[PDB]
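S.K.: Experimental coordinates for this protein are included below, preceded by the sequence.
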Amino acid sequence: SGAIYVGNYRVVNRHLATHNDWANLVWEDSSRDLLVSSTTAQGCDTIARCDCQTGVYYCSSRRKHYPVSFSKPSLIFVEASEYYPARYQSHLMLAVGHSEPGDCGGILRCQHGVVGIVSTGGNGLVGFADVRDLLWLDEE
Ligand SMILES: COc1ccccc1CC(=O)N1CCN[C@H](C(N)=O)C1
Ligand SMILES: [Zn+2]
């Protein structure tokens, strides 16, 4: 689990969105595994606006933050799960790192701010849904 709290937005994995998220919906995209809802309180995270390919992510199944090198956002085939059929997910970045299904939502960050959240993994890989292109997260 986990979310990004930037301005009056809450960014979560679409597959982990709550009823309150759907009832306060701003934007969702199943091909990216992302959903954004509105919040009453202002958040403290800032979004990275950069070209970094190195950063650090939070892994809940280890209670640890790990440094990683990750690929540029791309269209990648993701195997069938209990949340989606086997399909292509867009804006996904891969790295070598430990992950388990409940690690989704952990933040990936670089020196400029939040880059994305854990969205996929398996066999020593971890995938992150990029948010750096969502410029509207920085405005009301
Ligand atoms: C961190 O996720 C894992 C890690 C290790 C093994 C398996 C996973 C789960 C994973 O890859 N899923 C299931 C949830 N939906 C994802 C999606 N974005 O389509 C894909
Ligand atoms: Zn950066």
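M.R.: All right, it came through fine. Residues are numbered from 1 along each chain as shown. Ligands and ions are numbered 1, 2, ... in the order given.

S.K.: what's the spacing between the residue nearest in space to the middle of the chain and ligand 1?
M.R.: By C-alpha atoms, centre = their mean, the chain has its centre lying nearest to residue 117, at 2.2 Å. Applying C-beta to the nearest ligand atom, to the nearest Å, the value for residue 117 to ligand 1 is 10 Å. Where you see a C-beta, it was placed from the backbone N, CA and C, and this is true even at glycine.

S.K.: So the residue in the chain that ligand 1 sits nearest to versus ligand 2, what's the distance?
M.R.: When scored by C-beta to the nearest ligand atom, the chain has residue 121 as its residue closest to ligand 1, at 2.7 Å. According to C-beta to the ion, to the nearest Å, residue 121 stands 22 Å off from ligand 2.

S.K.: mind starting the numbering at 51 from now?
M.R.: Happy to do that; since the first residue is 51 now, the last one works out to residue 171.

S.K.: show me what contacts that residue?
M.R.: Going by C-beta atoms under 8 Å, 6 or more residues apart in numbering, residue 171 touches 147, 148, 149, 150, 151, 153, 177.

S.K.: Now the residue nearest to the third one when sequence neighbours are not counted: which helix or strand?
M.R.: Yep, that's residue 149 we're talking about. In this structure, residue 149 finds its nearest non-sequential neighbour in residue 171, 3.0 Å apart by C-beta to C-beta, 6 or more residues apart in numbering. If you go by DSSP states H and E, residue 171 is part of strand 163-172.

S.K.: Quick one: check whichever strand or helix holds residue 90 for contact with ligand 1.
M.R.: Counting by DSSP H and E, the element that carries residue 90 is strand 84-94. No - Strand 84-94 is not in contact with ligand 1 by C-beta under 6 Å from any ligand atom; minimum separation 9.5 Å.

S.K.: immediately after that strand, which helix or strand?
M.R.: Proceeding C-terminally, strand 84-94 gives way to strand 104-109 as the next helix or strand, assigned by DSSP H and E.

S.K.: Tell me which residues of that next one come out buried.
M.R.: 105, 107, 108, 109 (16 or more other C-beta atoms under 10 Å).

S.K.: Pull the number of nearby residues for residue 51.
M.R.: Residue 51 has 12 neighbours, counted by other C-beta atoms under 10 Å.
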